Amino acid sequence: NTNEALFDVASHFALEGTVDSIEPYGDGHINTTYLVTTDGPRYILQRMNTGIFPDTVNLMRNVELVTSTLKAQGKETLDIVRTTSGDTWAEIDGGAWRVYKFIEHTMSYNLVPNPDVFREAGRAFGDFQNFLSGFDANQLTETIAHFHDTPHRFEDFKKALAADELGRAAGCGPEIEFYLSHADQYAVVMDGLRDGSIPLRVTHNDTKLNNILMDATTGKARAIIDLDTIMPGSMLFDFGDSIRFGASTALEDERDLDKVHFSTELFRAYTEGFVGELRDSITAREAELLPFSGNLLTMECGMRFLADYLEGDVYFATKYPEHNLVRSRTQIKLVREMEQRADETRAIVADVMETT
């Protein structure tokens, strides 16, 4: 979208000041996000990715339900700015757009800078599980099917591999072999959900560190800021995915793999914060799987990155041809380290469960 086009889009919303600029904000993989600067307040303007989220009406119904409930509890959350026609979003020139108020005086992190920040992230997402337990499974629509159904993701991967539409398979044999050889590990959470041994809960489903805003002065969690995948799942998806992104010593797309390690110190910090909020609620079987949920969600996301690479990068935004291969490689290195530290992560969870 050109500058003129974006100003036109913003004109559809009930903003409370004259727009001075609209500039790309962040490096999200999915939606297209802009910071709108006025002569007074600031706003986040987003074009929703309708290739990924085709059901905008149900997506926005979820977002409206979650934010209105948080507000009714006095909690800070994403504040939808309505269109001038009074709607929660608008279709404008072939795009689906929404506006949130910009949440001021915050810090957000694409990588853990210190254990305290990750411990606070643990508190925030653990607290968010208690919030989501207030909803029935049926109140929140699945916005994406099979979202953390790792065996289903693996079927998708094999289809991408078989098509090999760009002939990229030949250059990622070792990565393909990793996901093939780990196929026996993908079913554990889905099987437990299906047999009732793992409770079905409403979960956030994209608990990466940069989805919590911390207060710029105190560092206390202020608000969670991606509500697009709130829907039934397992607590293990939220824990495991937090560990995948945040217990890494490197960026998700770190090109130098010698920078990429799984840190048990960071794993412990997050576990302390998360289990601290949930200790009397977590089931024995959930606790048992906390360390492996890290391996599982990391393998699932890596497999998705590699599938996308093999499909010509149709899902995730990329900046260069091998971007998704580079992303997949970090996830592989992390899993390999998580495997080597399995006894230690088990002992960490036991100690936190005992301590809390």
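We number the residues from 1 along the sequence you see.
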Quick one: higher average CA temperature factor, 137-145 or 184-192?
137-145
Taking the mean of the C-alpha B-factors per stretch from the entry, tell me the winner out of 237-245 and 273-281.
273-281
Report the option among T207, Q73, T229, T84 whose CA atom has the maximum B-factor in the deposited record.
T84
Among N62, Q331, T37, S293, which carries the highest Cα B-factor?
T37
Rank-wise, by C-alpha B-factor, drop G51 into the lowest, middle or highest third of its chain.
middle
Taking the values exactly as deposited, rank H323 by C-alpha B-factor within its chain and report the matching third: lowest, middle or highest.
middle
Quick one: classify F131 as lowest, middle or highest third of the chain based on its Cα B-factor.
lowest
By the record's CA B-factor, is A347 among the lowest, middle or highest third of residues in the chain?
middle
Quick check on the deposited entry: does the C-alpha B-factor of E155 sit in the lowest, middle or highest third of its chain?
middle
